[PDB]
Amino acid sequence: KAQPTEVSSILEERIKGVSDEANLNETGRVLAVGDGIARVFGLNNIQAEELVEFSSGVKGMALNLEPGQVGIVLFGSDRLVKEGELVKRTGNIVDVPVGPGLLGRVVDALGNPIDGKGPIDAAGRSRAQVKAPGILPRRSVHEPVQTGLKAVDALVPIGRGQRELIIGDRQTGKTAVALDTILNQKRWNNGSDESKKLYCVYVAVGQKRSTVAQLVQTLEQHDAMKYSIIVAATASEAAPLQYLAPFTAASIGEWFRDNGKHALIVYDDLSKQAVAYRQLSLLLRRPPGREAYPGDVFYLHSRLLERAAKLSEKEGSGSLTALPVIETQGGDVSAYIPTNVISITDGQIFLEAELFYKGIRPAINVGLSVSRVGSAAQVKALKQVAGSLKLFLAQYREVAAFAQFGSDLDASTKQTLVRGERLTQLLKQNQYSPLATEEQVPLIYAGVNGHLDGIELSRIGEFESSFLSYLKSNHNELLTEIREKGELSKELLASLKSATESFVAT
Amino acid sequence: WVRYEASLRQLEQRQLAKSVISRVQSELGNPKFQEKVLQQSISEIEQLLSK
Amino acid sequence: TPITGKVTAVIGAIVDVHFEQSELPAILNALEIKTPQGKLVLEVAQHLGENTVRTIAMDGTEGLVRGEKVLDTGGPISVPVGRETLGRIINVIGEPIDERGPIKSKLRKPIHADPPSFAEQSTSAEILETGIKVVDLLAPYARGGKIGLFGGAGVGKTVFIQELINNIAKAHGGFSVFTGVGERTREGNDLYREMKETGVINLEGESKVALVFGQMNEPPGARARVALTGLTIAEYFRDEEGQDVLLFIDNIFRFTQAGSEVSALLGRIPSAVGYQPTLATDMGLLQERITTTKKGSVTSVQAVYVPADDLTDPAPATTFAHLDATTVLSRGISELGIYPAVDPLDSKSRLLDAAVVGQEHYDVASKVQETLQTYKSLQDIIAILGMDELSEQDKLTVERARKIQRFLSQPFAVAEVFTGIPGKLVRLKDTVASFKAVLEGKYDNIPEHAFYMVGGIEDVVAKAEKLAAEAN
Amino acid sequence: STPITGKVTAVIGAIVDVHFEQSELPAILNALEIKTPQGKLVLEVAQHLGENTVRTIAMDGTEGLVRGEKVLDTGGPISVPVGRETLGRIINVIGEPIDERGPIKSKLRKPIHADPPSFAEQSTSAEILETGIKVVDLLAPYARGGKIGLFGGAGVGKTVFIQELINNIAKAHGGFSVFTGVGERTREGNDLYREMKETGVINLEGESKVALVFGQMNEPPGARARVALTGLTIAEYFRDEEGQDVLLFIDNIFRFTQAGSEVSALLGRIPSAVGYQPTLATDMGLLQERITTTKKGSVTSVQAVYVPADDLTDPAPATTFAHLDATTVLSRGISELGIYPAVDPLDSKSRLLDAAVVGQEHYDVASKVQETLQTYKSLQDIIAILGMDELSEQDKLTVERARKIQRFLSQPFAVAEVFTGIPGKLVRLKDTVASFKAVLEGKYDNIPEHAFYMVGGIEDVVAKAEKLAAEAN
Amino acid sequence: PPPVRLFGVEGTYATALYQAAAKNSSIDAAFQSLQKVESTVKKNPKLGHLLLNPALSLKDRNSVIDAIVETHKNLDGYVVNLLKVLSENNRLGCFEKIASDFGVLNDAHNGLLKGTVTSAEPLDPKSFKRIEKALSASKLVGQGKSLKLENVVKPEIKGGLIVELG
Ligand SMILES: Nc1ncnc2c1ncn2[C@@H]1O[C@H](COP(=O)(O)OP(=O)(O)OP(=O)(O)O)[C@@H](O)[C@H]1O
Ligand SMILES: Nc1ncnc2c1ncn2[C@@H]1O[C@H](COP(=O)(O)OP(=O)(O)OP(=O)(O)O)[C@@H](O)[C@H]1O
Ligand SMILES: Nc1ncnc2c1ncn2[C@@H]1O[C@H](COP(=O)(O)OP(=O)(O)O)[C@@H](O)[C@H]1O
Ligand SMILES: [Mg+2]
Ligand SMILES: [Mg+2]
Ligand SMILES: [Mg+2]
């Protein structure tokens, strides 16, 4: 491969050209280097949060601008840095490349191609700290995001521009719902209608490189990597890089949002973002706050999350949906960061290990799992046309509200008991198996007209699968009609009821 | 036959890495270090004279 | 030539400016520096020494260098005040948010004033008819008073605020101002378009609500001063115009949170459980700036977010002393299905006495409160042991209290997206008579489900009859 | 070249400050040298303070350190012997052979501090390592290329579990193994050394398949925090240069973070939560990311963690949870219940437990076992106060089946037979899954629950029930 | 308005001395007297700077500062006030002397030893830092060659590293 040799030759010649065009005199001198921190004497006119280059080749961000010497964090190890080293100034605030060539690639916090598939075609370069859209330049959420999870679709709706939190405990299924949504978006990501395209952008802050390798292998197996971008900040990387990565990914998604497209961001394990910020603030001798965390972690999370929004028609009616993930220690949602994030998001998706060990694979605590948007951002077929899909929330609350303390009194209580337990066994789903609205509607519609006559509990799963078969075969007209029009008309309600009762008699 | 070619790409860069070791070991045994200071002198003249 | 200073340190939101000239701007003076987009403004809080002042920035400190020219405005933040501010969206430093041009006005008042004197302290005994059963039966609201919506995250504070807006703010009230303090921008847009579609604000016409917004996206400094801007506009309407205004603050806890946010970097030793040592004094200043004077009346309804649904947290606990009719919302009854979620016991008001609401209303309220007390006292017996080992009176009280507690639920006009049931507004005497009838025992045969999500007792009768209907 | 020499200014516990001369500043994490009367005292550099002064960490005790003593710069990070010759030689945090078996004749010497192997990472999560222990094989299979949990408090039996693994895995495996042993009792190390000598894994005049690293609690905090990296360096040399399947073993990774917290306070950093070092996650990730499957080769690492005061929410265990796929908590309550191993089946958890990898039948069996065991925990409160007679018939059936199961999870160990009196036994995966499914189906409900204690397969339960009905009853 | 910022930390004494001189006069006489004082204190180091230890009482400090002012009262102007204030405050008097020298040289000299990629020592006796660096560098490269030793220059090594990284 001689071509990379002359490529490197011209690289080195422009390297010389760029290097010998500075004649800087404010280039500071390193006073002392700490654990990833370096105070430097110099840079009189340095901007805040501005990137720097060390003479060794390590980057740095200007956090503290106290008089005399400047607090510089390190994007990488303090391995190669010593005292008395000349520190080059970029002249610009920390930036990340943005563009459509990102799709199918894996990059780091800064944005360098780390997957090893060549350089990155970037259509632009946006800031890591950009202002959230104002009160007017936005529109309310109306278009629903189809997760493929029946418990996450018919019960806790999400849409373009909302902020749904996957709150839960360790290894409960927090990443599972996100990856399932990413796989589910493939149905419309393969078409031509751009108003229905949902490109996926995912952050990996703190997760080990093996986990992200398995994850990317997953998306490429199901052929979802072509519309997904992975930014990785493993625990091996320095705290500044982990702290910066989610902001860069937010800018990446905001590129699509401002260009009129629709995108989805998964803020996976935003807690280690907080601990990296803790390390940053403590190593900068910044006075800590509650339980050693920096004070402005609420502002940190607010500025990051509120960038996701649904734009109005004037600017292009783009969207950006935030999907953050927070892990809690022993189910303690009263913990500081869990409280901040539950107060910052537009609803939450609670997952707990107890229901997980009860058999419920999604482990969605419908008691606490709530969405600030209901009818809005929901497909109409899973709405008032189905009737009870307006009010299953009350039904699942009451069925839990009479388990043993509300002991069965009369036949109505027994009927509600059977209905509720059959439904809870029905809502079960398996990972790596996203579903579609056109076959959500029949299953839960059967949950109102004939569900207690299901063929015993251990065999309601193949009951739902056989119902799906009996509706995809010999009944494709119903599935189609409900999938393009998106709602159930009067004759369509009659046909659906007829089919449900026909298979009930079967 | 594709990732073998891809591995062929990756391995080729790897011996180029040890080639630089052969290159850099050639860099340290020259009188150019004496000649290189003149390169800065002419370069730094061109630098500030631009200003 | 005004006083000119140089930027010396930029640590987070803290900006330190040295004024080489001996003359120094006092604290609470607004500062002006040239930023590429607009004009970043500062705020002197401490006089460090050696002609150096410590300032907090109302906007982000991104892009600042040490040595930037700083201009002294010579005064606090001036916010436009007047009838022309109605129907406009205003930032923390006065400039409009909505792209509708400059706010043409002739009065600019500082956002830092003094609370009215004791000789100016007024009094009130009027009852605000809200149409909500619970807050009209157990915690009546006083016109020209303080209303506190205590609750956690996801309990329904903002929904209650929107319902109170839709009910009271329309017609009833000379003017009203809504102040968004560290709150979701999506809900701010929701408020804005509901306001525009309802007609309370008319863009080619007269408006009735003034909107100032400081949300979570803004840095702490703006979140600590937007409430004061809203106070300034509300006080200007109350005093000069002699009008009865409706100050609608949301998430007042965010102001104290923003204060604790910059307390540590200011150089103050933290207080208990990580709050600013000066929270009580500053928040007392802010609250006592909210009062009904002899020049006009102000009716304040502000929601208080309790961190981790704890009522013993210093901020909500210290706010409790500033609120006349506290309406605390409880999570438990919220997941029990009663979405009004007003706690029948803990929510207490000062206006509840026989000398104002009438002897009969006081008796009904006391009896229903003690019945709920008795019910919750027996919860252990019912739950872990069993309900069958109770006396007949204990049981009868249990069913009566359950019927009452699910009768406290009411439809909300702004809850159709969630409930799907049309909202209901039940008048005072209607609620009193219905609950008196339920108390006496005239309506014991009706099943409990007919009391759920309903209006008056006539609606309960209709629901019971219709339940018998489809039950066949 | 000229020897870089300086003067010692401050000796603060285990922290030493050295002032150097014109442009003589050494590098971070670079070995220094003090000629002590006892021997060599190296001063690993931690931070730079300026004015030609550096803050260093001592790997040995700082006894007899006078201000102004001569220091010498090694010129690089701590160097340790690496190679097959290290097999059978017990070394230390610095690399000197502490087995007094002569000098080490290593051919290569590698730096202690390396970097993670980028994205040259394979992911072969399909190799279920047959352990033999019934509980782990079912609910949390151990991967051959993964990192193994072993959590638990004081005296919960984590070291015995490690000895069982070294007995069942190391013997029948093709590939070198390394035991680092961070901060454990020297008695345990001596027993482990002896046992590998008699077993034949290491022969003083033979092959030897284990490289023995050792840092106990007698070492100062710096050595206790560096010895893990020293052992990891040996593991890395064997995985790369030799291209073998390495089997890294430690005794306690919590001691590493504990020593980091020890040195952090005197290093001059603001304390983190519950008095830990601010650089907990970063340093622990640096330590545990170098240990990886590493495309040219593969590694299995049986980690071992101590929970402080039986707190699973402690920052160090909570942080190390995320860097492990197969975990084992070893709850104490199971220990006072007498079920040894004391692993909690409701918190063991592993990634490999998926129907595609372990099999549909195994997945269903494990799920039903989890349900049966979780119903018991759900009903515990009712049972504890009221009693089992207040439950329903289905609840009674489930609770008695759960009791039988949780008693059947116990298994004798070939290492702890002195503490049990029953010879150790091993059960294959196919046998234990079949036995558990048979018990779940209800085939064995007339059997007394006591018959499931200290047994292997279901046939052992049948035999024990036969004896119990024969003479006991 | 002093030309440079010493940012306090024991350096504010030098700035105060310079401001006191600048308010009326004697920018040079006080500084040369202070230079003579430092020469005297370094003349007898075992009695010079060991006496600046903090285990030395206040009236001991008064005695030593009175002992400093001899040899025709070389301490001229406000430097005696500096000795007094150092008696009842922080003792050792070397660092702030260097800070004051740095300040006065910025007032009169403006010399910095730049060279960027070149590790030269080109002190520049001129307040205009525009082209005099060219003459300084030319003189220091034509003769002397004090160190001028980059060992290895950064661009080639860093470029090779980034190229081999891809
Ligand atoms: N629907 C499902 N069906 C089967 N297994 C599931 C399902 N959802 C989750 N799991 C399993 O639960 C475990 C945890 O799920 P997941 O990978 O989403 O982790 P997580 O909750 O995000 O946790 P972590 O924070 O540790 O990454 C895995 O073993 C996964 O296989
Ligand atoms: N399988 C077993 N059978 C019998 N006894 C056992 C078994 N496993 C552990 N024990 C007992 O548990 C106790 C503690 O054993 P061990 O030394 O392994 O504890 P540990 O948790 O590793 O300790 P530490 O916290 O001190 O490192 C001993 O009394 C030992 O006999
Ligand atoms: N009266 C009500 N009817 C229906 N839903 C309600 C009602 N009150 C609260 N909710 C539910 O509670 C959720 C949170 O309400 P919100 O006021 O945003 O929370 P907070 O009280 O924390 O501000 C909403 O998404 C809504 O669905
Ligand atoms: Mg996960
Ligand atoms: Mg709210
Ligand atoms: Mg042990």
# chains A, B, ... in the order shown; residues from 1 in each chain; ligands from 1

$ residues_around --residues "residue B:7" --least-positions-apart "6" --cutoff "12 Å" --atoms "only C-alpha atoms" --output "count of residues only"
6

$ closest_atom_pairs --of "chain A" --to "chain D" --cutoff "9 Å" --atoms "only C-alpha atoms" --output "tab-separated table"
residue	atom	partner	partner_atom	distance
A:30	CA	D:50	CA	8.5
A:31	CA	D:50	CA	5.5
A:32	CA	D:50	CA	4.9
A:33	CA	D:48	CA	5.2
A:34	CA	D:47	CA	5.1
A:35	CA	D:47	CA	6.7
A:78	CA	D:28	CA	7.7
A:79	CA	D:28	CA	6.3
A:80	CA	D:27	CA	7.8
A:81	CA	D:27	CA	8.1
A:82	CA	D:27	CA	6.9
A:83	CA	D:50	CA	6.6
A:84	CA	D:50	CA	8.7
A:114	CA	D:119	CA	7.6
A:115	CA	D:119	CA	6.8
A:116	CA	D:119	CA	8.2
A:170	CA	D:322	CA	8.3
A:171	CA	D:349	CA	8.2
A:206	CA	D:322	CA	8.5
A:207	CA	D:322	CA	7.1
A:208	CA	D:323	CA	6.4
A:209	CA	D:119	CA	7.3
A:210	CA	D:123	CA	6.6
A:211	CA	D:123	CA	8.5
A:213	CA	D:123	CA	6.7
A:214	CA	D:123	CA	6.2
A:217	CA	D:123	CA	8.7
A:234	CA	D:285	CA	8.2
A:235	CA	D:285	CA	5.0
A:236	CA	D:286	CA	4.9
A:237	CA	D:282	CA	7.5
A:238	CA	D:282	CA	6.8
A:239	CA	D:282	CA	7.0
A:272	CA	D:281	CA	8.8
A:275	CA	D:281	CA	8.1
A:276	CA	D:281	CA	8.1
A:278	CA	D:278	CA	7.5
A:279	CA	D:278	CA	5.3
A:280	CA	D:278	CA	8.7
A:282	CA	D:270	CA	5.9
A:283	CA	D:269	CA	6.8
A:285	CA	D:270	CA	7.0
A:287	CA	D:270	CA	8.8
A:288	CA	D:270	CA	8.6
A:291	CA	D:273	CA	5.8
A:292	CA	D:272	CA	5.4
A:293	CA	D:272	CA	8.0
A:329	CA	D:313	CA	6.0
A:330	CA	D:313	CA	7.3
A:354	CA	D:374	CA	8.0
A:357	CA	D:371	CA	6.1
A:358	CA	D:371	CA	5.7
A:359	CA	D:371	CA	6.9

$ select_by_dssp --residues "stretch 275-371 of chain C" --states "alpha helix (DSSP H)" --output "PyMOL selection string"
chain C and resi 279-288+314-320+331-335+359-371

$ interface_residues --of "chain E" --to "chain A" --cutoff "12 Å" --atoms "only C-alpha atoms" --output "PyMOL selection string"
chain E and resi 4-9+111-119+129-131+133-134+152-166

$ write_last_selection --atoms "C-alpha atoms" --output "short mmCIF file (atom, residue, chain, number, x, y, z; two decimals), in the first residue's frame"
data_model
loop_
_atom_site.label_atom_id
_atom_site.label_comp_id
_atom_site.auth_asym_id
_atom_site.auth_seq_id
_atom_site.Cartn_x
_atom_site.Cartn_y
_atom_site.Cartn_z
CA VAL E 4 2.37 43.43 35.62
CA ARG E 5 0.19 41.29 37.87
CA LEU E 6 2.00 39.36 40.61
CA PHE E 7 -1.29 37.74 41.73
CA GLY E 8 -0.46 38.16 45.42
CA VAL E 9 0.80 35.17 47.40
CA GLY E 111 12.94 40.87 27.83
CA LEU E 112 11.64 37.33 27.27
CA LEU E 113 13.61 34.23 26.22
CA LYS E 114 11.43 32.88 23.43
CA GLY E 115 12.41 30.91 20.31
CA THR E 116 9.41 28.56 20.09
CA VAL E 117 10.83 25.45 18.41
CA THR E 118 14.32 26.70 19.37
CA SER E 119 15.53 26.43 22.98
CA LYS E 129 8.57 43.22 21.08
CA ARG E 130 7.95 43.44 17.34
CA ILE E 131 11.11 42.65 15.30
CA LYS E 133 13.53 39.22 18.41
CA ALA E 134 14.92 38.69 14.89
CA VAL E 152 14.46 15.95 19.13
CA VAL E 153 12.09 18.49 17.58
CA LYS E 154 8.39 17.88 18.16
CA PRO E 155 6.83 18.03 14.64
CA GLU E 156 8.44 14.93 13.12
CA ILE E 157 7.97 12.67 16.15
CA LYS E 158 4.36 13.73 16.71
CA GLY E 159 3.58 13.42 13.01
CA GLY E 160 5.08 9.95 12.84
CA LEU E 161 3.07 8.94 15.91
CA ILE E 162 -0.22 10.22 14.50
CA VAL E 163 0.49 8.72 11.05
CA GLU E 164 1.26 5.27 12.46
CA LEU E 165 -1.88 5.63 14.57
CA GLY E 166 -3.80 5.95 11.29
#

$ interface_residues --of "chain C" --to "chain E" --cutoff "12 Å" --atoms "only C-alpha atoms" --output "list in words"
residues 8, 9, 18, 19, 20, 21, 22 and 50 of chain C
